[PDB]
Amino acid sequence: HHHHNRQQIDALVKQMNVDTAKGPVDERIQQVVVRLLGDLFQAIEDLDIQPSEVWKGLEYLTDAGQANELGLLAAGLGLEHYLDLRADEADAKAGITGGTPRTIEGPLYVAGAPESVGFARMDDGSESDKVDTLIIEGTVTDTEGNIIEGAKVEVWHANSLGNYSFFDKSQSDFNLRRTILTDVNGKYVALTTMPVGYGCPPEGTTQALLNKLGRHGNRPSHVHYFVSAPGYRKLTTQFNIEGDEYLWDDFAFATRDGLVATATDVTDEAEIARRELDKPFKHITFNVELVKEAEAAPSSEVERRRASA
C-alpha cells in the first residue's frame, strides 16, 4: 500500500504549496501548512486511507463546523487539555510555582456580562422552585496571602438542566454569567443556583464521533472562571463539585487536584436569615491565588474567537 515514501511526499507538498508561491508569504502559516499536509499524506500512505474515507472525514469536518462544534470536538478529543499540559510544562521550565491551577476554558464563554463590585446574583429566579440555591464565595490573593482589591472574577455555568445561556435561547441573555470585581477585602460573593453536569448535543457531530469510539460525552458539574488583575498573570480555571458521578471521568479531562470543592449544606435558621434567604442552601468556598507577572513569565493570555452579546 505504500505508494510514496516521505522524501517523495515532501517533494510533492513543496511542488504544490511552496514552489507555486509568488511575492510575500506568511512564513509561519507556510511552515505549519507544509508540516501538517506532509503528515496527512504520510498517514494516508501508512494506513492506506481510501478516497471514500478521506471524503467522509472532510464531510464530517464540514458538518462539525456548520454545527459550531469544532471547539467541543477539541475538548472531547483532549486537544484542549493537551494545550494546558504544555502550558504547565512551559511554566515549570520558567520556575513558576504557586497559583491556583489552570484548566480548560471550554467553548461556551460569552463576553459582555453584567459587572458589579463585591457581590452578584447570577440567576434570574426562573428555576427557584426546581433547583437548589448556591452561594459561592472566596478571596483573591497573591502567593503570600496578600489580598487583591479590584480583581476581575468572571464566572459562567449551566442551569438545572445542564444548559448555558446564549446557546440555549430559552434563557435570558447572560443568565448565570457575571463579572464580579473583588472588594476592599479581596472578596467576591456570587448568589446562584447549583449547576448540573451535561452531555454533548445527542444528535450532534461530537457525540456521533464519540459513539464510534465507544465513548460517553458527559462533563461533571463545574463553574468556569477567568480571574485577572493589573500586575498578575490571567487565570483560566474552574471548580468541580465533590460527589459528581463524572468527577474523575470528564469527557474533556478538565478535573484536577486543587480544583475540587465540597458543597456544604446550610440548614441553620439564623444563618439563612442572615443571608436573606427563605430555604436551606449550598455553600462553596473557592479562593484564588494569582501569580505576579514577571518579565520572564510566558504569556498566560489566549487569543480565541469568543461569542459576545
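Just count from 1 along the sequence shown to find any residue number.
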item: Of 261-269 and 43-51, the one with larger mean CA B-factor; value: 261-269
item: Greater mean Cα temperature factor according to the PDB record, 298-306 or 4-12; value: 298-306
item: Deposited CA B-factor, highest of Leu277, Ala64, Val34, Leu58; value: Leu277
item: Out of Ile147, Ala111, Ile180, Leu213, highest CA B-factor residue; value: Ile147
item: Chain-relative CA temperature factor third for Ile136; value: lowest
item: Modelled-residue ranking by C-alpha temperature factor, third containing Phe253; value: lowest
item: Chain thirds of CA B-factor: placement of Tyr82; value: lowest
item: Lowest, middle or highest third - CA B-factor, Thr206; value: lowest
item: Third of the chain's Cα B-factor distribution that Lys152 belongs to, per the entry; value: middle
